[PDB]
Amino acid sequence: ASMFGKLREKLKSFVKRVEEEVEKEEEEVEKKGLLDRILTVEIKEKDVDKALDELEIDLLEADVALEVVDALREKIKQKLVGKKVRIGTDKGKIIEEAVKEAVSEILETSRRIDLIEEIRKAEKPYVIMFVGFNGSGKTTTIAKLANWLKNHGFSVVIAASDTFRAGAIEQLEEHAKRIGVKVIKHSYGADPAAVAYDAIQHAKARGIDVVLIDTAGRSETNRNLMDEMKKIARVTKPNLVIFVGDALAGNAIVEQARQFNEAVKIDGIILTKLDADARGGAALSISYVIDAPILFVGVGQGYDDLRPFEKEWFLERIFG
């Protein structure tokens, strides 16, 4: 549980800095003998500004996207400046509350997504396309989501559209064998869209609820991964596009999502290896940047270690 340790440390450091400025403000009032007229201080811009400048530095070093750093700064500044604190109250809690609110607001996307609700109301099959670079944990995630879907009453078939990774496909089939879901695949190096469109036809004929599409995570010979993704999305017309990312790649995940998003619009996000994320700045940033909710998080190597995302659990982890 050194989880989000670096983010937590920088937010903690900000709170302390401001707290100490507020404390000087109180002592000034006490010293000047103003206690016969005033028992509160009003947080001023000079109490926060340097602390805000250093938070910008610290958060950028902690992998927080610039956009999110700016949104956080202004929310906090707006919540604090002019805020009245009575001498002898816990100023730390008042300051931390503003930060916590700002962070919580950062986690809001213009759409929450109830996966089960979305599938139930939809004309079957409900088609989910996965995007992401190799190493993100896409393949395992798809098996785990299949398991979760099945455990919730839905039938599922998987399209192996990662056609050039015979290893990944073999893995995919072993897991799918173990959970009783079918994998549709063609020959090595097959056309990814044909494979997926095939899995869709299979789903229609056998009345399967959900089609999950495993995709490639690198470009093969002359044609962009992004182009291939657009072609799969044109052919399969997904109900939902999920971006998969490795929480440990703090230096790349937001940018990876940005690249995919420009090609095929992301509806939802899944973060793997989150339990091992000792930093947290990227994970905190991604929903905001892509304006898409995090649907699931990987917190272990077991099938039940793919958990639906809960905002409050995430905040608990950041703040303690």
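All residue numbers refer to positions in the sequence shown, first residue = 1.
Higher average CA B factor in the deposited record is what I'm after, so tell me if that's 305-313 or 14-22.
-> For C-alpha atoms only, the mean B-factor is higher in 305-313.
In the PDB record, does 271-279 or 257-265 carry the higher mean Cα temperature factor?
-> Result of the comparison: 271-279.
Residue selected from 195, 229, 248, 241 by maximal Cα B factor | It is 248.
When the CA B-factors of 78, 219, 136, 215 are compared as recorded in the entry, which is the largest?
-> 219 has the highest C-alpha B-factor of those listed.
Relative C-alpha B-factor of residue 112, binned into the chain's lowest, middle or highest third | Tercile = highest for this residue's CA B-factor.
Looking at the entry's B-factor column for C-alpha atoms only, identify whether residue 284 ranks in the lowest, middle or highest third of its chain.
-> Middle third - that is where residue 284 ends up once the chain's C-alpha B-factors are sorted.
Within-chain third of residue 82 by Cα B-factor, per the entry | Its C-alpha B-factor belongs to the lowest third of this chain's values.
Within-chain third of residue 100 by Cα B-factor, per the entry = It belongs to the lowest third of the chain when residues are ordered by C-alpha B-factor.
When the modelled residues of the chain are sorted by Cα temperature factor, does residue 92 land in the lowest, middle or highest third?
-> CA B-factor rank for residue 92: middle third.
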